[PDB]
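*Asks:* Need a 3D model of the sequence below.
(chains A, B and C, ligands or ions: 7)
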Amino acid sequence: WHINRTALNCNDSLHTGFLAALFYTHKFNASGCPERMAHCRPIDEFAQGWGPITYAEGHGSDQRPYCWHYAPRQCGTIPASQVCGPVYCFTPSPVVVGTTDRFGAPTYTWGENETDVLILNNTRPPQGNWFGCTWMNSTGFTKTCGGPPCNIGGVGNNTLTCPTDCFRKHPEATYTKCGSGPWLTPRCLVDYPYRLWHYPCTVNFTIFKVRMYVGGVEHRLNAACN
Amino acid sequence: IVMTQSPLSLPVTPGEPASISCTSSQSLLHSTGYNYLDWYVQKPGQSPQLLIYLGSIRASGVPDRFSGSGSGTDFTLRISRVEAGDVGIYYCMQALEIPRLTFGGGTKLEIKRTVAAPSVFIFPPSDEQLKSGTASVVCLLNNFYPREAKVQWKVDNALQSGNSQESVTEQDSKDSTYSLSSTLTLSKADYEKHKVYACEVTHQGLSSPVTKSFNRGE
Amino acid sequence: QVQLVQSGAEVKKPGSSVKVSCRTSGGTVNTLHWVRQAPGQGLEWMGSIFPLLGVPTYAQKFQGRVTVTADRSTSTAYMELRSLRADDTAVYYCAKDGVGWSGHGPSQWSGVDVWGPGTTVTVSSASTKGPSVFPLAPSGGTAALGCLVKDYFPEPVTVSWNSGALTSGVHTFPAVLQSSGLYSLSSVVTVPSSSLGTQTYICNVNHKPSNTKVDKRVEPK
Ligand SMILES: *[C@@H]1O[C@H](CO)[C@@H](O[C@@H]2O[C@H](CO)[C@@H](O[C@@H]3O[C@H](CO[C@H]4O[C@H](CO)[C@@H](O)[C@H](O)[C@@H]4O)[C@@H](O)[C@H](O[C@H]4O[C@H](CO)[C@@H](O)[C@H](O)[C@@H]4O)[C@@H]3O)[C@H](O)[C@H]2NC(C)=O)[C@H](O)[C@H]1NC(C)=O
Ligand SMILES: *[C@@H]1O[C@H](CO)[C@@H](O[C@@H]2O[C@H](CO)[C@@H](O[C@@H]3O[C@H](CO[C@H]4O[C@H](CO)[C@@H](O)[C@H](O)[C@@H]4O)[C@@H](O)[C@H](O)[C@@H]3O)[C@H](O)[C@H]2NC(C)=O)[C@H](O)[C@H]1NC(C)=O
Ligand SMILES: *[C@@H]1O[C@H](CO)[C@@H](O[C@@H]2O[C@H](CO)[C@@H](O[C@@H]3O[C@H](CO[C@H]4O[C@H](CO)[C@@H](O)[C@H](O)[C@@H]4O)[C@@H](O)[C@H](O)[C@@H]3O)[C@H](O)[C@H]2NC(C)=O)[C@H](O)[C@H]1NC(C)=O
Ligand SMILES: *[C@@H]1O[C@H](CO)[C@@H](O)[C@H](O)[C@H]1NC(C)=O
Ligand SMILES: *[C@@H]1O[C@H](CO)[C@@H](O)[C@H](O)[C@H]1NC(C)=O
Ligand SMILES: *[C@@H]1O[C@H](CO)[C@@H](O)[C@H](O)[C@H]1NC(C)=O
Ligand SMILES: *[C@@H]1O[C@H](CO)[C@@H](O)[C@H](O)[C@H]1NC(C)=O
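*Replies:* Numbers count the residues shown, from 1 in each chain, chains lettered A, B, ... in the order given. Ligands and ions are numbered 1, 2, ... in the order given. The protein structure is shown below:
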């Protein structure tokens, strides 16, 4: 919230022009979105889960965080020099994590120092802090971490490592069990002031506002659904 | 994106409305549902000044008599009760590509007047300048309208080209006319070789071109 | 009510560099812009910078000979144009949009709503010369007389009449640029012929670049 705790090391070496989106509502780049959002598979095409859920150990290589079925890296401590603008973690409710030292004491140096870190280490609520985080790296790429995602079972070519609510494929793949970030379902992700910056291809998603319980406590948030 | 504007010059009788058009090489309408076109005015002597942003919202201090309308690629600035205060150059500018701005060539708002013939005066070079080694012969067209005028120099009845410069006052606030100076620059040797120096003036308000002239000796 | 205070005029020679300054006063900005205006030509965007991030953007026409920088502590931004050419004489405007990042989300565009007064940059190999002031003598009716203010550099000069007592009917013309690189100017006034021999007219010329003051009397020839 304090603007001084924002990692703000932004570097437009490629001249993609992503910095304007930090300031202005109409300057998110949804070019290339219709074709890439076609890569994403609807949940219908994945195999049917079965058996007990185990947490997945892998870090599969896609680097395409724009799909709902993207299995994220687990959250760690990342240095402020890799971050541009606010880091949002999802509890499900959106929350901003500020720049800090390795212990968690707040620092106020714009992330311009080497001690400045963003400690995103996630343990899923209700006991933990959040489910996942999203942020823009210093050269204009969306980065996301969280989970670990779930082994839901299945057999074959197609098999879902679920990072969201996947009730369709397995009855117990709830968001509390497998939620790994902003995607609440294959259809909805949490709306927050920089969703269009981080997820420009959700531009046409319609805003439903949502009420949602994670371990007793109710969460009161707007979701953008297709 | 290229911003072209029309008209370039707009003469407007006071109190009559005015209208100036802007077109954009690409649609300025965005996902958000706003047209990202601004209107700026630069009044003579002053910094550019914001008039209207996002197509239709008018800026601080801007009266209700300025209105902007348009969508996509065609936009219009309309000015309802044109006043001597409103004179200046009017620029549109797209903001779809910020930080980068791109302005139009501008439209000159101008108060329209009844045609006025220029009073023409010619001045010979001074004695002091003639000592100096230069000679400037000056022709004055005072209080005319419209601005377009032709000044023709004849030195011993011979037509001159490339030895004269002219500058025009920008429009007068009271009478809405212009004034024009034209200076023929010769050197002292060339001034003394010729005798008749004539200034011929062509203008909408002259039934025939007006020549004022003199002879060196007199 | 942010104000943009700019550095004063600059007389440079071909080949050298100028560093124009612009200081945001009384608030914060999303982005500073540099727009210039060549004499008689329109407005041209040159470059801009987000002073928070300190990352600039440049128009292609000036890529490689302009750099924009923004000092945070002083709230001052600089623009440096190098390899100056006569083509570069213009008024140089810094302008802003926005009030600064709210730290919570993006803002809606609100126009380039504040412009600085401008910086005049002259690029020329001429040297400082005061004017020669010559009488333009008048040859019921309405008589014209004036002063020719010739061969001065750099600009501006100011003309007045009878120490500012005569302003009605006075035309001081925009200066023209001669082939010598010096400026010349003429200022005229129409008076009653009835007054020609009787009324005394003194045009008052002032050129501060050279501490020139001249009071030429204009008499009937
Ligand atoms: C979010 O929602 C917006 C709004 O609905 C979507 O953007 C609109 O998309 C539609 C459809 O794409 C646009 O309407 C038309 O798009 C055509 C592109 O595809 C055509 O051509 C290809 C190639 O031949 C065909 O295969 C295909 O079947 C289509 O026929 C344009 O060609 C249309 O013509 C326009 O441009 C041409 C010049 O290229 C002009 O000559 C025409 O006169 C005309 O202007 C037409 O545009 C619509 O324009 C889009 N609107 C906007 C504002 O983008 C987004 O795609 C959607 N985003 C996501 C992520 O889903
Ligand atoms: C959140 O998760 C993070 C992982 O993403 C944790 O960060 C890493 O945790 C490990 C283990 O505690 C640290 O490793 C230690 O490093 C110190 C310093 O050694 C450095 O140089 C050696 C050279 O061999 C190198 O191997 C190390 O990685 C260090 O670079 C050593 O003295 C220790 O023996 C041990 O190796 C990492 O330094 C640490 N940082 C990162 C980001 O790599 C983080 O601790 C977790 N935080 C919380 C709050 O749980
Ligand atoms: C912000 O995020 C960006 C995306 O994650 C980061 O860009 C990535 O940076 C990594 C290194 O950190 C690159 O990985 C290297 O890629 C080069 C090039 O290999 C590619 O091309 C060769 C042929 O020229 C091809 O054989 C390969 O298969 C690749 O296609 C390799 O030489 C290195 O060994 C290494 O793999 C990514 O390629 C690069 N991705 C993109 C899309 O740019 C960026 O670094 C981040 N910035 C930060 C950290 O602030
Ligand atoms: C924030 O950082 C700026 C320097 O960019 C500093 O002047 C200011 O005092 C800082 N504010 C706080 C409250 O730390
Ligand atoms: C931006 O990143 C590129 C990566 O090659 C680097 O060369 C450049 O110096 C960087 N600039 C900053 C400000 O980090
Ligand atoms: C969007 O990104 C693409 C490729 O990165 C680029 O070519 C395009 O110009 C960008 N659009 C805008 C408006 O910056
Ligand atoms: C495996 O998936 C691919 C998609 O890349 C598909 O084309 C192929 O037919 C599939 N194989 C099976 C199991 O039929």
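*Asks:* Which stretches in chain A count as helices?
*Replies:* Assigned by DSSP state H, chain A shows helices spanning A:20-23, A:33-39, A:175-178, A:195-198.
*Asks:* How about residue B:40, nearest residue that isn't a chain neighbour?
*Replies:* Spatial nearest neighbour of residue B:40, chain neighbours left out: residue B:91 (4.4 Å); criterion: CB to CB, 6 or more residues apart in numbering or on different chains. Using the backbone N, CA and C atoms, a C-beta is placed for each residue, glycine as well.
*Asks:* Tell me how many other residues surround residue A:218.
*Replies:* Per other CB atoms under 10 Å in any protein chain shown, the neighbour tally for residue A:218 reads 10.
*Asks:* check contacts around it.
*Replies:* A:211, A:212 (CB atoms under 8 Å, 6 or more residues apart in numbering or on different chains).
*Asks:* Okay, domains of chain C per the record?
*Replies:* Taking curated CATH domains as the criterion, chain C consists of the domains C:3-123, C:132-218.
*Asks:* how about the longest one against ligand 6, any contact?
*Replies:* Going back to what we said before, that points to domain C:3-123. No. Shown here: domain C:3-123 not in contact with ligand 6 (CB under 6 Å from any ligand atom), separated by at least 11.2 Å.
*Asks:* Tell me if I'm right that residue A:13 and residue A:139 touch.
*Replies:* Yes. Judged on CB atoms under 8 Å, residue A:13 makes contact with residue A:139 at a distance of 6.0 Å.
*Asks:* Closest to the centroid, which residue in chain B?
*Replies:* Most central in chain B under CA atoms, centre = their mean is residue B:170, positioned 6.4 Å from the mean C-alpha point.
*Asks:* Which residue is the nearest non-sequential neighbour of it?
*Replies:* Residue B:170's closest residue in space is residue B:44 (CB to CB, 6+ apart), at 5.4 Å.
*Asks:* Could you give the number of residues near that neighbour?
*Replies:* Residue B:44 - counted by other CB under 10 Å - has 10 other residues nearby.
*Asks:* Now do the contacts for it.
*Replies:* Here residue B:44 is in contact with B:87, B:88, B:170 (CB under 8 Å, 6+ apart).
*Asks:* and chain B, what are its domains?
*Replies:* B:3-111, B:119-215.
*Asks:* for the ones you listed, which one sits closest to ligand 6?
*Replies:* Across those, ligand 6 has its closest neighbour in domain B:3-111 (6.8 Å, CB to the nearest ligand atom).
*Asks:* and the closest one, is it in reach of ligand 1?
*Replies:* No. With CB under 6 Å from any ligand atom as the criterion, ligand 1 is not reached by domain B:3-111; the gap is at least 6.6 Å.
*Asks:* what separates the residue lying closest to residue B:147 once chain neighbours are set aside from residue B:98, distance-wise?
*Replies:* Computed as CB to CB, 6+ apart, the closest residue to residue B:147 that is not its neighbour in sequence is residue B:178, at 5.0 Å. In this view, residue B:178 and residue B:98 are 38 Å apart by CB to CB, to the nearest Å.
*Asks:* does the nearest residue to residue B:87 once chain neighbours are set aside sit in a helix or strand, and which one?
*Replies:* Residue nearest to residue B:87 in three dimensions, not counting chain neighbours: residue B:109, with 5.5 Å by CB to CB, 6+ apart. Per DSSP states H and E: residue B:109 is located in strand B:107-111.
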